[PDB]
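The file target-v4.cif comes next; it holds mmCIF, N, CA and C atoms.
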```cif
data_coords
loop_
_atom_site.label_atom_id
_atom_site.label_comp_id
_atom_site.auth_asym_id
_atom_site.auth_seq_id
_atom_site.Cartn_x
_atom_site.Cartn_y
_atom_site.Cartn_z
N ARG A 1 37.31 56.33 -15.84
CA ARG A 1 36.56 55.88 -17.00
C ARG A 1 35.15 56.46 -17.00
N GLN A 2 34.98 57.61 -17.64
CA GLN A 2 33.69 58.30 -17.69
C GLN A 2 32.86 57.69 -18.81
N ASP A 3 31.97 56.77 -18.45
CA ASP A 3 31.11 56.09 -19.42
C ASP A 3 29.72 55.94 -18.80
N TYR A 4 28.90 55.10 -19.44
CA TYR A 4 27.52 54.87 -19.01
C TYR A 4 27.48 54.27 -17.60
N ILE A 5 26.58 54.79 -16.78
CA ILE A 5 26.42 54.32 -15.40
C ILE A 5 25.35 53.23 -15.38
N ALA A 6 25.72 52.05 -14.90
CA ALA A 6 24.80 50.93 -14.79
C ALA A 6 25.32 49.98 -13.72
N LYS A 7 24.40 49.41 -12.94
CA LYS A 7 24.74 48.49 -11.86
C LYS A 7 24.26 47.09 -12.19
N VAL A 8 25.11 46.10 -11.91
CA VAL A 8 24.81 44.70 -12.14
C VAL A 8 24.71 44.01 -10.79
N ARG A 9 23.54 43.46 -10.49
CA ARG A 9 23.30 42.74 -9.24
C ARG A 9 22.39 41.55 -9.55
N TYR A 10 22.95 40.35 -9.48
CA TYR A 10 22.17 39.14 -9.71
C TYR A 10 21.14 38.96 -8.60
N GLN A 11 19.93 38.54 -8.99
CA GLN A 11 18.83 38.36 -8.05
C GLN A 11 18.63 36.87 -7.81
N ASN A 12 18.99 36.42 -6.61
CA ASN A 12 18.80 35.04 -6.18
C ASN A 12 18.17 35.01 -4.79
N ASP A 13 17.29 35.97 -4.52
CA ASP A 13 16.67 36.07 -3.21
C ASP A 13 15.63 34.97 -3.04
N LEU A 14 15.69 34.28 -1.91
CA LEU A 14 14.73 33.21 -1.65
C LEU A 14 13.35 33.80 -1.36
N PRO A 15 12.29 33.24 -1.93
CA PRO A 15 10.95 33.76 -1.66
C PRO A 15 10.47 33.38 -0.27
N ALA A 16 9.43 34.08 0.17
CA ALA A 16 8.80 33.78 1.44
C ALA A 16 8.10 32.43 1.37
N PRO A 17 7.97 31.73 2.50
CA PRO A 17 7.27 30.43 2.51
C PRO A 17 5.83 30.58 2.05
N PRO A 18 5.34 29.64 1.23
CA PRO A 18 3.99 29.79 0.66
C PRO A 18 2.89 29.46 1.65
N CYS A 19 3.15 28.49 2.53
CA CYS A 19 2.17 27.97 3.49
C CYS A 19 0.85 27.57 2.82
N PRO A 20 0.86 26.55 1.96
CA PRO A 20 -0.35 26.20 1.21
C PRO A 20 -1.38 25.55 2.11
N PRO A 21 -2.65 25.50 1.69
CA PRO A 21 -3.66 24.78 2.48
C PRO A 21 -3.31 23.31 2.61
N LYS A 22 -3.58 22.76 3.79
CA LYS A 22 -3.17 21.40 4.12
C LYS A 22 -4.25 20.40 3.72
N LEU A 23 -3.83 19.31 3.08
CA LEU A 23 -4.73 18.23 2.73
C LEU A 23 -5.23 17.53 3.98
N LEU A 24 -6.43 16.97 3.89
CA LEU A 24 -7.01 16.20 4.98
C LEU A 24 -6.92 14.72 4.65
N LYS A 25 -6.33 13.95 5.56
CA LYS A 25 -6.17 12.52 5.36
C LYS A 25 -7.52 11.82 5.38
N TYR A 26 -7.67 10.84 4.49
CA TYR A 26 -8.89 10.04 4.42
C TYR A 26 -9.03 9.16 5.66
N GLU A 27 -10.24 8.63 5.84
CA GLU A 27 -10.48 7.65 6.89
C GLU A 27 -9.63 6.40 6.67
N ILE A 28 -9.41 6.02 5.41
CA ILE A 28 -8.56 4.87 5.08
C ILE A 28 -7.08 5.19 5.17
N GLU A 29 -6.71 6.41 5.54
CA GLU A 29 -5.31 6.73 5.77
C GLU A 29 -4.87 6.47 7.21
N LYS A 30 -5.79 6.07 8.09
CA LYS A 30 -5.48 5.75 9.47
C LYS A 30 -5.51 4.24 9.68
N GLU A 31 -4.63 3.76 10.56
CA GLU A 31 -4.41 2.32 10.70
C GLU A 31 -5.64 1.58 11.23
N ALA A 32 -6.31 2.14 12.25
CA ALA A 32 -7.46 1.45 12.83
C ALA A 32 -8.65 1.32 11.87
N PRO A 33 -9.08 2.36 11.13
CA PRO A 33 -10.11 2.11 10.09
C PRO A 33 -9.66 1.14 9.01
N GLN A 34 -8.37 1.12 8.66
CA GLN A 34 -7.87 0.10 7.73
C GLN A 34 -8.05 -1.30 8.29
N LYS A 35 -7.73 -1.48 9.58
CA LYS A 35 -7.91 -2.78 10.22
C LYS A 35 -9.39 -3.17 10.25
N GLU A 36 -10.27 -2.21 10.53
CA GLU A 36 -11.71 -2.50 10.52
C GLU A 36 -12.20 -2.87 9.12
N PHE A 37 -11.72 -2.15 8.09
CA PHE A 37 -12.20 -2.36 6.73
C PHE A 37 -11.69 -3.67 6.13
N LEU A 38 -10.40 -3.98 6.32
CA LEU A 38 -9.84 -5.19 5.72
C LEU A 38 -10.38 -6.46 6.37
N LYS A 39 -10.63 -6.42 7.68
CA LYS A 39 -11.16 -7.57 8.41
C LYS A 39 -12.67 -7.74 8.26
N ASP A 40 -13.29 -7.08 7.28
CA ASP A 40 -14.73 -7.20 7.07
C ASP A 40 -15.08 -8.61 6.59
N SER A 41 -16.21 -9.12 7.06
CA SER A 41 -16.69 -10.43 6.64
C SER A 41 -17.52 -10.37 5.36
N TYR B 1 -8.83 -16.21 15.70
CA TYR B 1 -7.97 -15.93 14.55
C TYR B 1 -7.00 -17.07 14.28
N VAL B 2 -6.39 -17.62 15.33
CA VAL B 2 -5.46 -18.74 15.18
C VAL B 2 -6.20 -19.97 14.66
N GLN B 3 -7.36 -20.27 15.25
CA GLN B 3 -8.14 -21.43 14.83
C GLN B 3 -8.67 -21.27 13.41
N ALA B 4 -9.16 -20.08 13.07
CA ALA B 4 -9.64 -19.83 11.71
C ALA B 4 -8.51 -19.92 10.70
N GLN B 5 -7.34 -19.39 11.04
CA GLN B 5 -6.18 -19.47 10.14
C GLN B 5 -5.73 -20.91 9.94
N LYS B 6 -5.73 -21.71 11.01
CA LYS B 6 -5.40 -23.13 10.89
C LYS B 6 -6.42 -23.87 10.03
N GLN B 7 -7.71 -23.55 10.20
CA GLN B 7 -8.75 -24.17 9.37
C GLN B 7 -8.59 -23.79 7.91
N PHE B 8 -8.23 -22.52 7.64
CA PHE B 8 -7.96 -22.08 6.28
C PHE B 8 -6.76 -22.81 5.68
N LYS B 9 -5.71 -23.02 6.49
CA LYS B 9 -4.54 -23.76 6.02
C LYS B 9 -4.90 -25.21 5.69
N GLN B 10 -5.71 -25.85 6.54
CA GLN B 10 -6.16 -27.21 6.27
C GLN B 10 -7.02 -27.28 5.02
N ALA B 11 -7.88 -26.27 4.82
CA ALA B 11 -8.69 -26.20 3.60
C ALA B 11 -7.81 -26.03 2.36
N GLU B 12 -6.77 -25.20 2.45
CA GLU B 12 -5.83 -25.03 1.34
C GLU B 12 -5.09 -26.32 1.03
N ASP B 13 -4.65 -27.04 2.07
CA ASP B 13 -3.93 -28.29 1.85
C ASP B 13 -4.85 -29.36 1.28
N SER B 14 -6.12 -29.37 1.69
CA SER B 14 -7.08 -30.32 1.14
C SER B 14 -7.35 -30.06 -0.34
N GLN B 15 -7.69 -28.83 -0.70
CA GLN B 15 -8.00 -28.48 -2.08
C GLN B 15 -7.39 -27.12 -2.41
N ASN B 16 -6.37 -27.12 -3.27
CA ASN B 16 -5.68 -25.88 -3.62
C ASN B 16 -6.51 -24.95 -4.50
N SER B 17 -7.58 -25.45 -5.12
CA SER B 17 -8.39 -24.61 -5.99
C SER B 17 -9.33 -23.68 -5.23
N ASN B 18 -9.44 -23.83 -3.91
CA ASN B 18 -10.31 -22.99 -3.10
C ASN B 18 -9.60 -21.66 -2.89
N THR B 19 -9.85 -20.72 -3.81
CA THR B 19 -9.27 -19.39 -3.71
C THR B 19 -9.80 -18.64 -2.49
N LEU B 20 -11.08 -18.86 -2.15
CA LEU B 20 -11.69 -18.19 -1.01
C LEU B 20 -11.00 -18.57 0.30
N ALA B 21 -10.57 -19.83 0.41
CA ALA B 21 -9.83 -20.27 1.60
C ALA B 21 -8.50 -19.53 1.74
N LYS B 22 -7.77 -19.37 0.64
CA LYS B 22 -6.50 -18.65 0.68
C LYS B 22 -6.69 -17.17 0.98
N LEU B 23 -7.73 -16.55 0.41
CA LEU B 23 -8.02 -15.15 0.72
C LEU B 23 -8.43 -14.98 2.18
N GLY B 24 -9.22 -15.91 2.72
CA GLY B 24 -9.53 -15.88 4.14
C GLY B 24 -8.31 -16.11 5.01
N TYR B 25 -7.38 -16.94 4.55
CA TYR B 25 -6.11 -17.13 5.25
C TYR B 25 -5.32 -15.83 5.31
N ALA B 26 -5.28 -15.10 4.19
CA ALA B 26 -4.63 -13.79 4.17
C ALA B 26 -5.34 -12.80 5.09
N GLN B 27 -6.68 -12.85 5.12
CA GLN B 27 -7.45 -11.99 6.01
C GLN B 27 -7.16 -12.31 7.48
N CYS B 28 -7.00 -13.60 7.80
CA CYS B 28 -6.64 -13.99 9.16
C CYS B 28 -5.23 -13.55 9.51
N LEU B 29 -4.31 -13.59 8.54
CA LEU B 29 -2.97 -13.04 8.75
C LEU B 29 -3.03 -11.54 9.06
N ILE B 30 -3.89 -10.81 8.35
CA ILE B 30 -4.12 -9.40 8.67
C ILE B 30 -4.71 -9.25 10.07
N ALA B 31 -5.61 -10.16 10.45
CA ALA B 31 -6.26 -10.10 11.75
C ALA B 31 -5.26 -10.26 12.89
N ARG B 32 -4.27 -11.14 12.73
CA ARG B 32 -3.22 -11.32 13.72
C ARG B 32 -2.09 -10.30 13.58
N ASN B 33 -2.32 -9.21 12.84
CA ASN B 33 -1.39 -8.10 12.63
C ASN B 33 -0.09 -8.54 11.94
N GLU B 34 -0.12 -9.68 11.25
CA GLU B 34 1.05 -10.18 10.52
C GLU B 34 1.05 -9.59 9.11
N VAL B 35 1.39 -8.30 9.05
CA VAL B 35 1.37 -7.55 7.79
C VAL B 35 2.39 -8.11 6.80
N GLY B 36 3.62 -8.34 7.26
CA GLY B 36 4.66 -8.84 6.37
C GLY B 36 4.39 -10.24 5.86
N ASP B 37 3.93 -11.13 6.74
CA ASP B 37 3.61 -12.50 6.33
C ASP B 37 2.46 -12.52 5.33
N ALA B 38 1.43 -11.70 5.57
CA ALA B 38 0.32 -11.60 4.63
C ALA B 38 0.79 -11.04 3.29
N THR B 39 1.69 -10.06 3.30
CA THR B 39 2.21 -9.50 2.06
C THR B 39 3.01 -10.53 1.27
N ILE B 40 3.86 -11.31 1.96
CA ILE B 40 4.65 -12.34 1.28
C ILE B 40 3.73 -13.43 0.72
N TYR B 41 2.73 -13.85 1.50
CA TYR B 41 1.77 -14.85 1.04
C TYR B 41 0.99 -14.36 -0.18
N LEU B 42 0.56 -13.10 -0.15
CA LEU B 42 -0.19 -12.53 -1.27
C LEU B 42 0.68 -12.41 -2.52
N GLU B 43 1.95 -12.01 -2.36
CA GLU B 43 2.86 -11.96 -3.51
C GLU B 43 3.09 -13.34 -4.10
N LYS B 44 3.27 -14.35 -3.24
CA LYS B 44 3.44 -15.73 -3.71
C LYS B 44 2.20 -16.20 -4.47
N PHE B 45 1.01 -15.93 -3.93
CA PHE B 45 -0.23 -16.33 -4.59
C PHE B 45 -0.41 -15.61 -5.92
N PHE B 46 -0.09 -14.31 -5.97
CA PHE B 46 -0.23 -13.57 -7.22
C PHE B 46 0.75 -14.07 -8.28
N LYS B 47 2.00 -14.32 -7.89
CA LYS B 47 2.98 -14.81 -8.86
C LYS B 47 2.66 -16.22 -9.33
N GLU B 48 2.06 -17.05 -8.48
CA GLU B 48 1.63 -18.38 -8.92
C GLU B 48 0.35 -18.33 -9.74
N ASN B 49 -0.48 -17.31 -9.56
CA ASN B 49 -1.81 -17.24 -10.17
C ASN B 49 -2.02 -15.88 -10.84
N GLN B 50 -1.07 -15.49 -11.69
CA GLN B 50 -1.15 -14.21 -12.40
C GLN B 50 -2.38 -14.08 -13.29
N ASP B 51 -2.94 -15.19 -13.76
CA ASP B 51 -4.12 -15.15 -14.62
C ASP B 51 -5.43 -15.18 -13.83
N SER B 52 -5.38 -15.37 -12.52
CA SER B 52 -6.60 -15.41 -11.72
C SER B 52 -7.22 -14.02 -11.60
N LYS B 53 -8.54 -13.96 -11.76
CA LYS B 53 -9.27 -12.70 -11.67
C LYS B 53 -9.85 -12.53 -10.26
N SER B 54 -8.94 -12.39 -9.30
CA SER B 54 -9.29 -12.12 -7.90
C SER B 54 -9.18 -10.62 -7.68
N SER B 55 -10.30 -9.91 -7.91
CA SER B 55 -10.32 -8.46 -7.82
C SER B 55 -10.04 -7.97 -6.41
N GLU B 56 -10.63 -8.62 -5.40
CA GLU B 56 -10.43 -8.21 -4.01
C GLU B 56 -8.99 -8.43 -3.56
N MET B 57 -8.33 -9.48 -4.07
CA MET B 57 -6.92 -9.69 -3.78
C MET B 57 -6.08 -8.53 -4.31
N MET B 58 -6.36 -8.06 -5.53
CA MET B 58 -5.62 -6.95 -6.10
C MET B 58 -5.92 -5.64 -5.37
N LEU B 59 -7.17 -5.45 -4.93
CA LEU B 59 -7.51 -4.28 -4.12
C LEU B 59 -6.75 -4.29 -2.80
N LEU B 60 -6.68 -5.45 -2.14
CA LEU B 60 -5.94 -5.57 -0.89
C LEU B 60 -4.45 -5.35 -1.11
N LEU B 61 -3.90 -5.86 -2.22
CA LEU B 61 -2.51 -5.61 -2.57
C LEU B 61 -2.24 -4.13 -2.79
N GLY B 62 -3.15 -3.43 -3.48
CA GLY B 62 -3.00 -2.00 -3.68
C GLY B 62 -3.02 -1.22 -2.38
N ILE B 63 -3.93 -1.59 -1.47
CA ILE B 63 -4.00 -0.92 -0.16
C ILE B 63 -2.73 -1.18 0.65
N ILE B 64 -2.25 -2.43 0.65
CA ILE B 64 -1.04 -2.79 1.38
C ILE B 64 0.17 -2.06 0.82
N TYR B 65 0.28 -1.98 -0.51
CA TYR B 65 1.41 -1.30 -1.14
C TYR B 65 1.35 0.21 -0.90
N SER B 66 0.14 0.78 -0.86
CA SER B 66 0.00 2.19 -0.50
C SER B 66 0.44 2.44 0.94
N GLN B 67 0.11 1.51 1.85
CA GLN B 67 0.60 1.61 3.22
C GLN B 67 2.13 1.50 3.27
N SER B 68 2.70 0.60 2.47
CA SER B 68 4.15 0.50 2.36
C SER B 68 4.74 1.74 1.70
N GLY B 69 4.10 2.23 0.66
CA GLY B 69 4.56 3.43 -0.04
C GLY B 69 5.56 3.24 -1.16
N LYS B 70 6.62 2.46 -0.92
CA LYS B 70 7.67 2.27 -1.91
C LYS B 70 7.20 1.48 -3.13
N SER B 71 6.15 0.68 -3.00
CA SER B 71 5.61 -0.14 -4.08
C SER B 71 4.38 0.50 -4.71
N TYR B 72 4.40 1.83 -4.87
CA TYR B 72 3.23 2.56 -5.35
C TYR B 72 2.84 2.17 -6.77
N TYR B 73 3.82 1.81 -7.61
CA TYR B 73 3.51 1.45 -9.00
C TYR B 73 2.74 0.14 -9.07
N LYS B 74 3.11 -0.84 -8.24
CA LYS B 74 2.34 -2.08 -8.14
C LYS B 74 0.93 -1.80 -7.65
N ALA B 75 0.79 -0.87 -6.71
CA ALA B 75 -0.54 -0.47 -6.23
C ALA B 75 -1.37 0.13 -7.36
N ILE B 76 -0.75 0.97 -8.19
CA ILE B 76 -1.45 1.56 -9.34
C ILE B 76 -1.92 0.47 -10.30
N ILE B 77 -1.04 -0.49 -10.59
CA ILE B 77 -1.38 -1.58 -11.51
C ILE B 77 -2.53 -2.42 -10.96
#
```
Written as structure tokens, how would this file's structure read?
Amino acid sequence: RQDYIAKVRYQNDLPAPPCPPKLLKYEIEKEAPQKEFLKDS
Amino acid sequence: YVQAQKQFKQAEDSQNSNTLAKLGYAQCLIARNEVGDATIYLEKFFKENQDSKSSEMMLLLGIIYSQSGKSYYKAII
């Protein structure tokens, strides 16, 4: 079958990991400062 | 903490209108690391007193629900 030459290849390649910048937990995200803050007089 | 919590309970039994005594009772429950008991007590107080304008109680509920995580919508409210 001498016709137009064309190749079909579906692209489902997984991308590289993004490695985004990491958030910093607040002081109120730790249990001991929470205990200090809630027990305030 | 035990003595203060008992005194808060006696104050609550004497006069139920003392909101400060109940909030101090919840604070003493937090002091004795009784997170679940304090949460149940706070939910009971909120459901009995939905019209009360206890801002610090709602702030404490939001912090507790954020620590729990699953109740994030109640924390937002």
Checklist entry - Using only N, CA and C atoms, which chain A residues lie at most 8 Å away from chain B, written as a ChimeraX atom specification? => result /A:35,38-40
Item to check | Residue IDs satisfying the PyMOL selection byres (((chain B and resi 3 and name CA) around 12) and name CA), as a list in words | outcome: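 So the PyMOL selection byres (((chain B and resi 3 and name CA) around 12) and name CA), applied here, picks out residues 1, 2, 4, 5, 6, 7, 8, 9, 10, 25, 28, 29, 31 and 32 of chain B.
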Next on the checklist: Using DSSP secondary structure from the backbone, list all alpha helix (DSSP H) positions within chain B, as a PyMOL selection string.
Outcome noted: chain B and resi 2-14+19-31+35-48+55-68+72-76
Produce the centre coordinates and the three edge lengths, each in Å to one decimal, of the box along x, y and z that contains all listed atoms of region 45-60 of chain B with 3 Å added on each side, as JSON.
```
{"center_x": -3.8, "center_y": -11.3, "center_z": -7.8, "size_x": 19.6, "size_y": 20.1, "size_z": 19.7}
```
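Residues matched by the PyMOL selection byres (((chain B and resi 76 and name CA) around 12) and name CA) in this structure: residues 58, 59, 60, 61, 62, 63, 64, 65, 66, 69, 70, 71, 72, 73, 74, 75 and 77 of chain B.
Picture a line from CA of residue 68 (chain B) to CA of residue 31 (chain A); it runs 12.1 Å.
In this structure, atom N of residue 41 (chain B) sits 16.0 Å away from atom N of residue 54 (chain B).
Here CA of residue 22 (chain B) stands at a distance of 24.6 Å from atom C of residue 30 (chain A).
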May I ask you to restore N, CA, C and O atoms in region 5-17 of chain A and write the result as a PDB file, in the frame of the given file?
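Full text of rebuild38.pdb as output:
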```pdb
ATOM      1  N   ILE A   5      26.580  54.790 -16.780  1.00  0.00           N
ATOM      2  CA  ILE A   5      26.420  54.320 -15.400  1.00  0.00           C
ATOM      3  C   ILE A   5      25.350  53.230 -15.380  1.00  0.00           C
ATOM      4  O   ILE A   5      24.210  53.468 -15.789  1.00  0.00           O
ATOM      5  N   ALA A   6      25.720  52.050 -14.900  1.00  0.00           N
ATOM      6  CA  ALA A   6      24.800  50.930 -14.790  1.00  0.00           C
ATOM      7  C   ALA A   6      25.320  49.980 -13.720  1.00  0.00           C
ATOM      8  O   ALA A   6      26.527  49.770 -13.601  1.00  0.00           O
ATOM      9  N   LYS A   7      24.400  49.410 -12.940  1.00  0.00           N
ATOM     10  CA  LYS A   7      24.740  48.490 -11.860  1.00  0.00           C
ATOM     11  C   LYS A   7      24.260  47.090 -12.190  1.00  0.00           C
ATOM     12  O   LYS A   7      23.165  46.899 -12.730  1.00  0.00           O
ATOM     13  N   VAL A   8      25.110  46.100 -11.910  1.00  0.00           N
ATOM     14  CA  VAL A   8      24.810  44.700 -12.140  1.00  0.00           C
ATOM     15  C   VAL A   8      24.710  44.010 -10.790  1.00  0.00           C
ATOM     16  O   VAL A   8      25.690  43.972 -10.037  1.00  0.00           O
ATOM     17  N   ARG A   9      23.540  43.460 -10.490  1.00  0.00           N
ATOM     18  CA  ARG A   9      23.300  42.740  -9.240  1.00  0.00           C
ATOM     19  C   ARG A   9      22.390  41.550  -9.550  1.00  0.00           C
ATOM     20  O   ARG A   9      21.214  41.742  -9.861  1.00  0.00           O
ATOM     21  N   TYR A  10      22.950  40.350  -9.480  1.00  0.00           N
ATOM     22  CA  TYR A  10      22.170  39.140  -9.710  1.00  0.00           C
ATOM     23  C   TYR A  10      21.140  38.960  -8.600  1.00  0.00           C
ATOM     24  O   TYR A  10      21.418  39.190  -7.423  1.00  0.00           O
ATOM     25  N   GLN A  11      19.930  38.540  -8.990  1.00  0.00           N
ATOM     26  CA  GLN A  11      18.830  38.360  -8.050  1.00  0.00           C
ATOM     27  C   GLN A  11      18.630  36.870  -7.810  1.00  0.00           C
ATOM     28  O   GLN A  11      18.163  36.140  -8.689  1.00  0.00           O
ATOM     29  N   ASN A  12      18.990  36.420  -6.610  1.00  0.00           N
ATOM     30  CA  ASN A  12      18.800  35.040  -6.180  1.00  0.00           C
ATOM     31  C   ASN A  12      18.170  35.010  -4.790  1.00  0.00           C
ATOM     32  O   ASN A  12      18.490  34.159  -3.956  1.00  0.00           O
ATOM     33  N   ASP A  13      17.290  35.970  -4.520  1.00  0.00           N
ATOM     34  CA  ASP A  13      16.670  36.070  -3.210  1.00  0.00           C
ATOM     35  C   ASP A  13      15.630  34.970  -3.040  1.00  0.00           C
ATOM     36  O   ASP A  13      14.788  34.756  -3.921  1.00  0.00           O
ATOM     37  N   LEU A  14      15.690  34.280  -1.910  1.00  0.00           N
ATOM     38  CA  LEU A  14      14.730  33.210  -1.650  1.00  0.00           C
ATOM     39  C   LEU A  14      13.350  33.800  -1.360  1.00  0.00           C
ATOM     40  O   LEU A  14      13.241  34.787  -0.621  1.00  0.00           O
ATOM     41  N   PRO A  15      12.290  33.240  -1.930  1.00  0.00           N
ATOM     42  CA  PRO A  15      10.950  33.760  -1.660  1.00  0.00           C
ATOM     43  C   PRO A  15      10.470  33.380  -0.270  1.00  0.00           C
ATOM     44  O   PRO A  15      11.017  32.497   0.392  1.00  0.00           O
ATOM     45  N   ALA A  16       9.430  34.080   0.170  1.00  0.00           N
ATOM     46  CA  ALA A  16       8.800  33.780   1.440  1.00  0.00           C
ATOM     47  C   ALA A  16       8.100  32.430   1.370  1.00  0.00           C
ATOM     48  O   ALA A  16       7.729  31.977   0.283  1.00  0.00           O
ATOM     49  N   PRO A  17       7.970  31.730   2.500  1.00  0.00           N
ATOM     50  CA  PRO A  17       7.270  30.430   2.510  1.00  0.00           C
ATOM     51  C   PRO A  17       5.830  30.580   2.050  1.00  0.00           C
ATOM     52  O   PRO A  17       5.136  31.536   2.422  1.00  0.00           O
TER      53      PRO A  17
END
```
